[PDB]
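Data block below; observations after.
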Amino acid sequence: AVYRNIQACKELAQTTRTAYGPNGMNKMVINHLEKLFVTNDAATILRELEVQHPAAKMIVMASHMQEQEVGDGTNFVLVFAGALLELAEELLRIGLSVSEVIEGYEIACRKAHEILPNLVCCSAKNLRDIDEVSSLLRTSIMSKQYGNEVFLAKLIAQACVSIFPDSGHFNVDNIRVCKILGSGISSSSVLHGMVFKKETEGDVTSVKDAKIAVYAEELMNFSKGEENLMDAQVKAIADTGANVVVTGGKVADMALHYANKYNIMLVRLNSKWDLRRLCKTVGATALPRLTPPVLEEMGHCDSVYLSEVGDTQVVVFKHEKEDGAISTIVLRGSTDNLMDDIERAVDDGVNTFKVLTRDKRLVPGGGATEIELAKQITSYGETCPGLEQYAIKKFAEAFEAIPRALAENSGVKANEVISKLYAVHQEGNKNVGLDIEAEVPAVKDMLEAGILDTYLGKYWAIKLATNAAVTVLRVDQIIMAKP
Amino acid sequence: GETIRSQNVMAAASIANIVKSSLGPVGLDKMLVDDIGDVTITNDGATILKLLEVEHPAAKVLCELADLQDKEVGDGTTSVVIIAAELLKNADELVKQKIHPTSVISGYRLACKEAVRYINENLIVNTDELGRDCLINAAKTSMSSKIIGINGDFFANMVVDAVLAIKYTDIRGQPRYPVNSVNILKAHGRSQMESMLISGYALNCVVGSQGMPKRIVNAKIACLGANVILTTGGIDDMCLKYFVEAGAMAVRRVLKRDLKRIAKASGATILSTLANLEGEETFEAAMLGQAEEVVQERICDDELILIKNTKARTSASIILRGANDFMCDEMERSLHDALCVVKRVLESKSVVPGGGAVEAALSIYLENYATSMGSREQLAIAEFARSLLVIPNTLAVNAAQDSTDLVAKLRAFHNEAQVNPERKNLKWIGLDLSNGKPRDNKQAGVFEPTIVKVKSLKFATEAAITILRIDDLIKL
Amino acid sequence: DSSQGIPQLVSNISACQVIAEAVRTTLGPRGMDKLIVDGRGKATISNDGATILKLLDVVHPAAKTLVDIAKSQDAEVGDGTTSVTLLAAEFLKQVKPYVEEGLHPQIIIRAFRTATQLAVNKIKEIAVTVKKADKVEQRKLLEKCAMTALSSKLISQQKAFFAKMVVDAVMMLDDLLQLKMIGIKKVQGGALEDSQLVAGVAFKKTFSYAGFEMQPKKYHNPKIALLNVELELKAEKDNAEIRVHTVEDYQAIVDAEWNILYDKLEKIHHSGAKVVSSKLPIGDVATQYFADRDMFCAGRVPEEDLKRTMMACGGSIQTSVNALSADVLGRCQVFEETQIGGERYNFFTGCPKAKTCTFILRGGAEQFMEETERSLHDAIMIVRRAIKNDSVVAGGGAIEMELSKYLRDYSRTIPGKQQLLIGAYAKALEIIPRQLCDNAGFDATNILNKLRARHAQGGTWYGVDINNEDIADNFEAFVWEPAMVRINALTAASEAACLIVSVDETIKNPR
Ligand SMILES: Nc1ncnc2c1ncn2[C@@H]1O[C@H](COP(=O)(O)OP(=O)(O)O)[C@@H](O)[C@H]1O
């Protein structure tokens, strides 16, 4: 019952085999909440595509580890692992054992970790400039949202440069993205602090308060008593001194009058996820009752005011006296489906440089370093005696499936690409990757184009991918139990 | 009916898929399993249709399609079936778009009318015979796919010298070249550069007795005091001793084709018997030859009696010396078949560059001609052009290349020629079937006759009109 | 529930064809109607592409893609969704046999984005701006275009008289033209020549209660009260039901009930509302209150006309009479009850914010007045888009043929895989002028085959004549359409086809 596990993981790769690269195909994602989505992100497929075959889940948990400590290489987990087991079936057809093949991959993983630093050609300059971040973030824009290589390269760079001076404090949790209905990507902008699209309900312009609190005769008597009840609540807020009150629910017409009576800025936020962002930044939590005057659950902010950017009244929550490391990228888009696809490409770019906060090392992509890595591992496999030759030799051919995906997804023949990728590297022309062109099957230097991946990303992508192929091959039979 | 015509289209659609990959020099073969059980594998598409026996009335139209093309032209019959096969696939789509077959027939006949005109406006005349030579280049490309290419200009010049010395009109100022050609033989002269071209036919026989000489410069050649005697009936031992007394070089048991080639080379006529129904006469000065020199050359294990400088020969003889049996045998057929390439080009004098350039260049002119006629004839003439682009698209697969790329690079070069006649634009460009790229056929030498491309488009269009003229199905 | 590869794309290709076939015959002015029935049995007969797809509600996801793309068409242009979904699916049909030939779906996206950008550049090349051509007045040329929209209609005989009202109806508006501000009302009786144009706000006025020879209609500076309260004595919503144990108190129960209407109408006199345009009916007793108090009233009006009056006088619709003040009341110069068509009608003329108007339709049949409403509304659109966008092109399918000539002639000199893909993109653009012949009953074979022959000779503004079964110069025939419409429509079409071709697998979350 071993091949049934290989056929299970083989099918999971063929779905994301086409979503790889910039010319990859989109996916008709039907959400469980009676919603329709269209994208080409491989990470979102598995979240919705419920693969119940537990043999393939080991590859998914490896892809989930590709989200921790790194934010790229998800296709590497599914493609490289899926190609490893496809060729592993060719070995067992001859009559090889499972342990010798596992041990051969355990050795090849150590040989691959030593060749990758040799192929590190260039890296970042560590200047904290906008041209440095935008020029290198072109790799994150690839295969997540094509065509916006110019727009998002500078937009993402503007939010990270504000935090790079805070050495060792750059995080993806500090960059919260917002999206507003608009014409297109041209109306996008970048702002500091937390910016929310909802306008200010009150007529208060600016306030530097730190206290931010997030939340027939008888017929006319109780109707006016409610007006005294609401006034007593804003008076309770005035007793606390909170000039900025963030409302999670609905606001009465009389509350707008009392909010301006005591000079209290009143802001409404219907989105719960936007309210959760305030819990982790200023310290103010959302209380369920009608405005509890709890001075302990109020946050701390140096300045709060209303702004208008792109013809949209938006409230600003920045920190002038403190250091400040929060940035908000406000994108504009007419279609909510495609507008969210851009939101994911932004998170992919923020996390790419979050790993570059460590030792900055980059490797060219596009089939350049993967064949150079497969060319050197094959050299160790030819001279290394013993029965490990069949596993190490095929471990190099597993690296070939990735440029084969870049070839087929680009409409280019897969065999002609690898034949030319091996000829240029036989002559020593390193850093030569496949040129993205539907008509030109030729190749060129990717370093001259400005395509550079993360050295620290390929490490964990090759390790988690090979360890998953070991975990799936060690299990030769799946047996059900009833607790 | 709409479903009756669909069955005639799907019927003929499968006949072309059987001989689709069999066309071209790198075409795929197919098995011919007869009813007994014998399997036969062939590569040529013409014989496939001859033995392809499938019961369908719509399919037999394509069987007789090649029979008429086999007698007049005798080549390229497979490409005639593919053109008509794809035309009905598109013509049925017109009927699905509420188009009557009558309007499609008249549009196809005019698309065929202008197709012959645009071919005639892109013809080339017989040239490269005096003053200029690419016929070297025309024959050099004919032998590029073999090991003989190591010595290009050496063997390439022997092709031009062997095809030019065999000139003879013989009919009303026709001149073509006969089916008979130079006798190519092999030798073991320790090298390939020792291959020599002699402008005279050599007889592969022995001189008989050793006492007589192997050299004679006599004019009289008796073909049955002539010294060179030839007889297929056989000469007796006591009879040959009398020729030793006479001084003649007799040869007995000679083949009729070798004797007739000498009678044609020497200007003689084969004499069957001496007795003129009443007596006995040698027929002196009646059927004797006219030659200047006759000598036998020392050849390895098979001597050749070489005759040189006759009155009218139209023949030659080349000796292929080499190092090993493999080196000499492979260059025999590469030398005889590559010679047939230029032989037909120098004969049938009105030729045209082929190699996919004809059907591709015609797809541009007929496209614009559809937008000039109108009146329920545009979509018929417009789709006739798309049917012709399948021939270079088919060869794109047989050449193991991209199916869509080679056809398009070929059209863009011809389109620039129509925009303006400047020399910057590429004109008369084909496709290299051996490499899978564009290639200028005027410099490469990929020529074809005029009667091939013209009659193929007529027979393919006329047969498709017959299959589409059918509009009923009766079964008794 | 999952599937990918070549055959998965065919399911989306053949699925989009069914959506186009559902609205294939609705393109054009003489297109066929379609009938859709809801759960309540209400049958709606119409040929509007946006209303058909809004009620079909196809569960297939591929069909939902064309609906969202057409929804944007009303935002970027305003109308013409039938041309979007039809042209969006035609790209998918011609590329169907090429998907099975072994070609990748992504290669077609590089071709469509090439041809889409090439066509927009050619629209601006042939487009001609017509502002003061031959120094003919814009009011004169616009009427010549209005008669063309009403040609081959019910009022084709006296279309010269109707054209004066099409252009003048828009001239009374501000610089920003808007069709929602324009109302059209039908009046039973009268001939086609007896039609009129009202620059004010008029309503049906189905008020058939008593109160004749009273309520003086003429006012100089009246105050328009937009109420939503019923002013009937024994009103279904305003009533009283008290039970007491005293004989003399039962009289007071009718007094307190009598005070419900009396006190409510008293605030109307305190505010000074001389004209009351109410949604709910007004009883017979309240009609006499406005008569004795020197006021006018009129109920039984839909909510559509109250909003036209809200933005016309500059007031605001209020629910009750308590908040009735000058801040929500209206104002006009001339107000008078007319007897057009024998029925009584009211209209407010001379308001400061008179950004609306009303068209009175007359005729001996209700079905004739409905078709003229859409024919007249169609003539306003040609006059509307001609004013806002002065750069127009040869409409009526003339421009689709020039694009087919440019993109095809350009693709011929383009080596690579883009010749059959842009060539098929050009062959797909010929379907709009092919289907308008079918949607008008003409033989599309003789027109399209003869239409393409003129463009090869140099015809750039020759297209399909909806009236006669022949070819004519659509630019000289006042058959104009803007450039941005054809530009914004073609890009949305390729945006729909490229989004469908980019999708290769269908995924369904089991839940
Ligand atoms: N235009 C391109 N040129 C060269 N390589 C590319 C291009 N687009 C994508 N790639 C390759 O595709 C890989 C995957 O990119 P990305 O989508 O960011 O990660 P993931 O596939 O895990 O989401 C990268 O390693 C990169 O080398």
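As shown in the structure tokens, the chain order sets the letters A, B, ...; within each chain, residues go from 1, and ligands are also counted from 1 in the order they appear.
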What residues in chain C have any atom no more than 12 Å from chain A when counting only C-alpha atoms, and can you write them as JSON, numbers by chain?
{"C": [1, 2, 3, 4, 5, 8, 9, 12, 59, 60, 61, 62, 63, 64, 65, 68, 69, 71, 72, 73, 75, 76, 99, 102, 103, 104, 105, 106, 107, 108, 109, 110, 111, 113, 414, 415, 416, 417, 418, 419, 495, 498, 499, 500, 501, 502, 503, 504, 505, 506, 507, 508, 509, 510, 511]}
At a cut-off of 7 Å and counting only C-alpha atoms and all ligand atoms, what residues surround ligand 1? Please answer as a ChimeraX atom specification.
/A:20-22,41-42,72-76,139-144,364-367,433-436,446,451,453
Check region 174-320 of chain A with DSSP on the backbone and list each residue it calls alpha helix (DSSP H), as a VMD selection string.
chain A and resid 217 to 240 255 to 261 272 to 279
Find the residues of chain B in contact range of chain A, meaning any atom within 12 Å when counting only C-alpha atoms, and list them as a compact mmCIF listing (two decimals) with N, CA and C atoms, in the first residue's frame.
# COMPACT_ATOMS: atom_id res chain seq x y z
N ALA B 400 9.42 17.45 -35.70
CA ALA B 400 9.62 17.52 -34.25
C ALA B 400 9.91 18.95 -33.80
N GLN B 401 9.08 19.88 -34.25
CA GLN B 401 9.20 21.29 -33.93
C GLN B 401 7.86 21.80 -33.41
N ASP B 402 7.85 23.06 -32.97
CA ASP B 402 6.61 23.68 -32.52
C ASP B 402 5.65 23.81 -33.68
N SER B 403 4.41 23.36 -33.47
CA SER B 403 3.43 23.34 -34.56
C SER B 403 3.02 24.74 -34.99
N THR B 404 3.00 25.69 -34.05
CA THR B 404 2.48 27.02 -34.33
C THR B 404 3.56 28.01 -34.76
N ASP B 405 4.82 27.77 -34.41
CA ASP B 405 5.86 28.77 -34.63
C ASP B 405 6.32 28.80 -36.08
N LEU B 406 6.61 27.63 -36.67
CA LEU B 406 7.19 27.60 -38.00
C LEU B 406 6.24 28.12 -39.07
N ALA B 408 4.04 30.46 -38.64
CA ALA B 408 3.87 31.90 -38.48
C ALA B 408 5.10 32.69 -38.91
N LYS B 409 6.30 32.20 -38.59
CA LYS B 409 7.50 32.85 -39.08
C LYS B 409 7.56 32.82 -40.60
Determine, for each residue of chain B having at least one atom at most 12 Å from an atom of chain C, the closest pair of atoms and their separation in Å to one decimal, counting only C-alpha atoms; order by chain and ascending number, as JSON lines.
{"residue": "B:89", "atom": "CA", "partner": "C:97", "partner_atom": "CA", "distance": 11.7}
{"residue": "B:90", "atom": "CA", "partner": "C:97", "partner_atom": "CA", "distance": 11.7}
{"residue": "B:93", "atom": "CA", "partner": "C:94", "partner_atom": "CA", "distance": 11.8}
{"residue": "B:94", "atom": "CA", "partner": "C:445", "partner_atom": "CA", "distance": 10.4}
{"residue": "B:95", "atom": "CA", "partner": "C:445", "partner_atom": "CA", "distance": 11.5}
{"residue": "B:97", "atom": "CA", "partner": "C:445", "partner_atom": "CA", "distance": 8.9}
{"residue": "B:98", "atom": "CA", "partner": "C:445", "partner_atom": "CA", "distance": 8.0}
{"residue": "B:99", "atom": "CA", "partner": "C:445", "partner_atom": "CA", "distance": 7.5}
{"residue": "B:100", "atom": "CA", "partner": "C:445", "partner_atom": "CA", "distance": 10.2}
{"residue": "B:103", "atom": "CA", "partner": "C:445", "partner_atom": "CA", "distance": 10.7}
{"residue": "B:360", "atom": "CA", "partner": "C:412", "partner_atom": "CA", "distance": 11.4}
{"residue": "B:361", "atom": "CA", "partner": "C:412", "partner_atom": "CA", "distance": 11.3}
{"residue": "B:363", "atom": "CA", "partner": "C:412", "partner_atom": "CA", "distance": 10.3}
{"residue": "B:364", "atom": "CA", "partner": "C:412", "partner_atom": "CA", "distance": 8.2}
{"residue": "B:365", "atom": "CA", "partner": "C:412", "partner_atom": "CA", "distance": 11.5}
{"residue": "B:367", "atom": "CA", "partner": "C:409", "partner_atom": "CA", "distance": 10.3}
{"residue": "B:368", "atom": "CA", "partner": "C:456", "partner_atom": "CA", "distance": 8.0}
{"residue": "B:369", "atom": "CA", "partner": "C:456", "partner_atom": "CA", "distance": 9.6}
{"residue": "B:370", "atom": "CA", "partner": "C:453", "partner_atom": "CA", "distance": 8.1}
{"residue": "B:371", "atom": "CA", "partner": "C:453", "partner_atom": "CA", "distance": 4.8}
{"residue": "B:372", "atom": "CA", "partner": "C:453", "partner_atom": "CA", "distance": 5.4}
{"residue": "B:373", "atom": "CA", "partner": "C:453", "partner_atom": "CA", "distance": 6.9}
{"residue": "B:374", "atom": "CA", "partner": "C:450", "partner_atom": "CA", "distance": 5.1}
{"residue": "B:375", "atom": "CA", "partner": "C:450", "partner_atom": "CA", "distance": 5.6}
{"residue": "B:376", "atom": "CA", "partner": "C:449", "partner_atom": "CA", "distance": 5.7}
{"residue": "B:377", "atom": "CA", "partner": "C:449", "partner_atom": "CA", "distance": 7.1}
{"residue": "B:378", "atom": "CA", "partner": "C:449", "partner_atom": "CA", "distance": 5.8}
{"residue": "B:379", "atom": "CA", "partner": "C:449", "partner_atom": "CA", "distance": 7.4}
{"residue": "B:380", "atom": "CA", "partner": "C:449", "partner_atom": "CA", "distance": 10.1}
{"residue": "B:381", "atom": "CA", "partner": "C:449", "partner_atom": "CA", "distance": 11.0}
{"residue": "B:382", "atom": "CA", "partner": "C:449", "partner_atom": "CA", "distance": 10.7}
{"residue": "B:383", "atom": "CA", "partner": "C:427", "partner_atom": "CA", "distance": 11.7}
{"residue": "B:386", "atom": "CA", "partner": "C:420", "partner_atom": "CA", "distance": 9.9}
{"residue": "B:389", "atom": "CA", "partner": "C:420", "partner_atom": "CA", "distance": 11.0}
{"residue": "B:390", "atom": "CA", "partner": "C:101", "partner_atom": "CA", "distance": 12.0}
{"residue": "B:393", "atom": "CA", "partner": "C:101", "partner_atom": "CA", "distance": 11.0}
{"residue": "B:394", "atom": "CA", "partner": "C:101", "partner_atom": "CA", "distance": 11.6}
{"residue": "B:397", "atom": "CA", "partner": "C:101", "partner_atom": "CA", "distance": 11.4}
{"residue": "B:402", "atom": "CA", "partner": "C:417", "partner_atom": "CA", "distance": 9.8}
{"residue": "B:403", "atom": "CA", "partner": "C:102", "partner_atom": "CA", "distance": 8.8}
{"residue": "B:404", "atom": "CA", "partner": "C:417", "partner_atom": "CA", "distance": 5.8}
{"residue": "B:405", "atom": "CA", "partner": "C:416", "partner_atom": "CA", "distance": 5.2}
{"residue": "B:406", "atom": "CA", "partner": "C:416", "partner_atom": "CA", "distance": 7.9}
{"residue": "B:407", "atom": "CA", "partner": "C:416", "partner_atom": "CA", "distance": 8.5}
{"residue": "B:408", "atom": "CA", "partner": "C:415", "partner_atom": "CA", "distance": 5.1}
{"residue": "B:409", "atom": "CA", "partner": "C:415", "partner_atom": "CA", "distance": 4.6}
{"residue": "B:410", "atom": "CA", "partner": "C:415", "partner_atom": "CA", "distance": 7.8}
{"residue": "B:411", "atom": "CA", "partner": "C:412", "partner_atom": "CA", "distance": 6.9}
{"residue": "B:412", "atom": "CA", "partner": "C:413", "partner_atom": "CA", "distance": 4.6}
{"residue": "B:413", "atom": "CA", "partner": "C:413", "partner_atom": "CA", "distance": 7.6}
{"residue": "B:414", "atom": "CA", "partner": "C:413", "partner_atom": "CA", "distance": 8.5}
{"residue": "B:415", "atom": "CA", "partner": "C:413", "partner_atom": "CA", "distance": 5.8}
{"residue": "B:416", "atom": "CA", "partner": "C:413", "partner_atom": "CA", "distance": 6.6}
{"residue": "B:417", "atom": "CA", "partner": "C:413", "partner_atom": "CA", "distance": 10.1}
{"residue": "B:418", "atom": "CA", "partner": "C:413", "partner_atom": "CA", "distance": 10.2}
{"residue": "B:419", "atom": "CA", "partner": "C:413", "partner_atom": "CA", "distance": 9.5}
{"residue": "B:425", "atom": "CA", "partner": "C:413", "partner_atom": "CA", "distance": 11.2}
{"residue": "B:426", "atom": "CA", "partner": "C:413", "partner_atom": "CA", "distance": 11.8}
{"residue": "B:438", "atom": "CA", "partner": "C:415", "partner_atom": "CA", "distance": 11.7}
Surrounding residues of residue 119 (chain B) excluding itself and chain neighbours under 3 positions, 10 Å, only C-alpha atoms, as a PyMOL selection string:
chain B and resi 114-116+122-123+352+358-359+361-362+450+453-454
So that I can check the surroundings of residue 441 (chain C), please list as an MDAnalysis selection string every protein, DNA and RNA residue that reaches within 10 Å of it, counting only C-alpha atoms and ignoring chain neighbours fewer than 5 positions away.
chainID C and resid 30:32 435:436 466 469
Write the residues of the selection above to a file with N, CA, C and O atoms, as an mmCIF file, in the first residue's frame.
data_model
loop_
_atom_site.group_PDB
_atom_site.id
_atom_site.type_symbol
_atom_site.label_atom_id
_atom_site.label_comp_id
_atom_site.auth_asym_id
_atom_site.auth_seq_id
_atom_site.Cartn_x
_atom_site.Cartn_y
_atom_site.Cartn_z
ATOM 1 N N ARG C 30 -33.959 46.777 -32.392
ATOM 2 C CA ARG C 30 -35.055 45.918 -32.823
ATOM 3 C C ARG C 30 -34.840 44.471 -32.385
ATOM 4 O O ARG C 30 -35.270 43.538 -33.067
ATOM 5 N N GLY C 31 -34.176 44.272 -31.247
ATOM 6 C CA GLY C 31 -33.906 42.934 -30.774
ATOM 7 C C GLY C 31 -35.120 42.277 -30.148
ATOM 8 O O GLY C 31 -36.064 42.930 -29.704
ATOM 9 N N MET C 32 -35.082 40.949 -30.114
ATOM 10 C CA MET C 32 -36.173 40.171 -29.549
ATOM 11 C C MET C 32 -36.216 40.329 -28.035
ATOM 12 O O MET C 32 -35.201 40.593 -27.386
ATOM 13 N N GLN C 435 -24.672 39.635 -35.699
ATOM 14 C CA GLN C 435 -25.861 39.311 -34.920
ATOM 15 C C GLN C 435 -26.920 40.402 -34.975
ATOM 16 O O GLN C 435 -28.111 40.088 -34.882
ATOM 17 N N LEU C 436 -26.523 41.668 -35.119
ATOM 18 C CA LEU C 436 -27.507 42.729 -35.305
ATOM 19 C C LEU C 436 -28.335 42.518 -36.564
ATOM 20 O O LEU C 436 -29.497 42.937 -36.605
ATOM 21 N N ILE C 466 -29.948 49.572 -39.979
ATOM 22 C CA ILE C 466 -31.044 48.882 -39.298
ATOM 23 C C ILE C 466 -32.368 49.004 -40.033
ATOM 24 O O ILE C 466 -33.232 48.132 -39.877
ATOM 25 N N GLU C 469 -32.096 46.869 -45.752
ATOM 26 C CA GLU C 469 -31.207 45.709 -45.819
ATOM 27 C C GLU C 469 -30.101 46.000 -46.830
ATOM 28 O O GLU C 469 -30.053 45.450 -47.932
#
Among listed residues C:172, C:136, C:187, C:351, nearest residue 199 (chain C) (using only C-alpha atoms)
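Of C:172, C:136, C:187, C:351, the one nearest residue 199 (chain C) is C:172, counting only C-alpha atoms.
Nearest-residue note for residue 18 (chain B): choosing from B:210, B:296, B:43, B:142, the minimum distance belongs to B:43, counting only C-alpha atoms.
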Find the spatial neighbours of region 62-66 of chain A, counting only C-alpha atoms, within a cut-off of 9 Å - ignore same-chain residues fewer than 3 positions away - and output them as a PyMOL selection string.
chain A and resi 43+57-59+69-78+457+460-461+464-465+467-468
Could you save the residues just selected, with N, CA, C and O atoms, as a compact mmCIF listing (two decimals), in the first residue's frame?
# COMPACT_ATOMS: atom_id res chain seq x y z
N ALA A 43 -0.79 29.04 -1.73
CA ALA A 43 -1.06 28.91 -0.31
C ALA A 43 -2.55 28.92 -0.01
O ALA A 43 -3.00 28.24 0.92
N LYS A 57 -1.07 15.15 3.59
CA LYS A 57 -1.07 16.16 4.64
C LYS A 57 0.33 16.45 5.19
O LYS A 57 0.57 17.56 5.66
N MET A 58 1.23 15.47 5.15
CA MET A 58 2.60 15.72 5.60
C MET A 58 3.29 16.76 4.74
O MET A 58 4.13 17.52 5.23
N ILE A 59 2.93 16.82 3.45
CA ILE A 59 3.45 17.87 2.59
C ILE A 59 2.80 19.21 2.92
O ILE A 59 3.43 20.26 2.78
N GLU A 69 8.93 31.52 9.86
CA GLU A 69 10.32 31.90 9.62
C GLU A 69 10.60 32.32 8.18
O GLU A 69 11.74 32.68 7.87
N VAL A 70 9.60 32.29 7.29
CA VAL A 70 9.79 32.69 5.90
C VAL A 70 8.41 32.85 5.29
O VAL A 70 7.44 32.24 5.76
N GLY A 71 8.31 33.68 4.25
CA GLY A 71 7.05 33.96 3.59
C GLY A 71 7.11 33.76 2.09
O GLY A 71 6.48 34.50 1.33
N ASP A 72 7.87 32.76 1.65
CA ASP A 72 8.03 32.47 0.24
C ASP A 72 8.47 31.02 0.08
O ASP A 72 8.90 30.37 1.03
N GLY A 73 8.35 30.52 -1.15
CA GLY A 73 8.72 29.16 -1.46
C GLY A 73 7.65 28.13 -1.23
O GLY A 73 7.98 26.95 -1.05
N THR A 74 6.37 28.53 -1.24
CA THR A 74 5.29 27.57 -1.04
C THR A 74 5.22 26.57 -2.18
O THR A 74 4.99 25.37 -1.94
N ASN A 75 5.40 27.02 -3.42
CA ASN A 75 5.44 26.10 -4.55
C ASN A 75 6.63 25.16 -4.47
O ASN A 75 6.55 24.03 -4.96
N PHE A 76 7.74 25.60 -3.85
CA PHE A 76 8.89 24.72 -3.68
C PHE A 76 8.55 23.52 -2.80
O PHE A 76 9.06 22.42 -3.04
N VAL A 77 7.69 23.71 -1.81
CA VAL A 77 7.33 22.62 -0.91
C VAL A 77 6.49 21.59 -1.65
O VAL A 77 6.62 20.38 -1.42
N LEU A 78 5.60 22.04 -2.54
CA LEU A 78 4.67 21.14 -3.20
C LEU A 78 5.24 20.56 -4.49
O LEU A 78 4.91 19.43 -4.85
N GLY A 457 15.65 31.58 2.25
CA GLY A 457 14.38 30.94 1.95
C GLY A 457 14.54 29.58 1.30
O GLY A 457 13.82 28.64 1.66
N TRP A 460 15.35 26.58 4.05
CA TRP A 460 14.20 25.96 4.70
C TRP A 460 13.22 25.36 3.71
O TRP A 460 12.44 24.47 4.09
N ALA A 461 13.22 25.80 2.45
CA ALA A 461 12.33 25.23 1.45
C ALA A 461 12.84 23.88 0.97
O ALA A 461 12.04 22.99 0.66
N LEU A 464 12.57 21.42 4.45
CA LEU A 464 11.22 20.96 4.75
C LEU A 464 10.64 20.11 3.62
O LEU A 464 9.82 19.23 3.87
N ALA A 465 11.07 20.36 2.38
CA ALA A 465 10.58 19.57 1.26
C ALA A 465 11.16 18.17 1.26
O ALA A 465 10.45 17.21 0.95
N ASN A 467 12.55 16.60 4.01
CA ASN A 467 12.10 15.92 5.22
C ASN A 467 10.66 15.43 5.10
O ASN A 467 10.30 14.44 5.74
N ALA A 468 9.83 16.11 4.30
CA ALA A 468 8.47 15.64 4.09
C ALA A 468 8.45 14.39 3.22
O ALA A 468 7.65 13.47 3.46
For residue 52 (chain B): contacts at 8 Å, only C-alpha atoms, fewer than 3 positions along chain excluded, given as number ranges by chain
B: 32, 48-49
Can you spit out the residues from that selection as a compact mmCIF listing (two decimals), in the first residue's frame, using N, CA and C atoms?
# COMPACT_ATOMS: atom_id res chain seq x y z
N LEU B 32 0.32 -2.20 -42.03
CA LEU B 32 -0.76 -2.57 -42.93
C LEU B 32 -1.09 -4.04 -42.70
N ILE B 48 0.08 3.81 -48.95
CA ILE B 48 -0.80 3.58 -47.81
C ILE B 48 -2.25 3.64 -48.25
N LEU B 49 -2.62 4.67 -49.01
CA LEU B 49 -4.00 4.80 -49.47
C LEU B 49 -4.37 3.70 -50.45
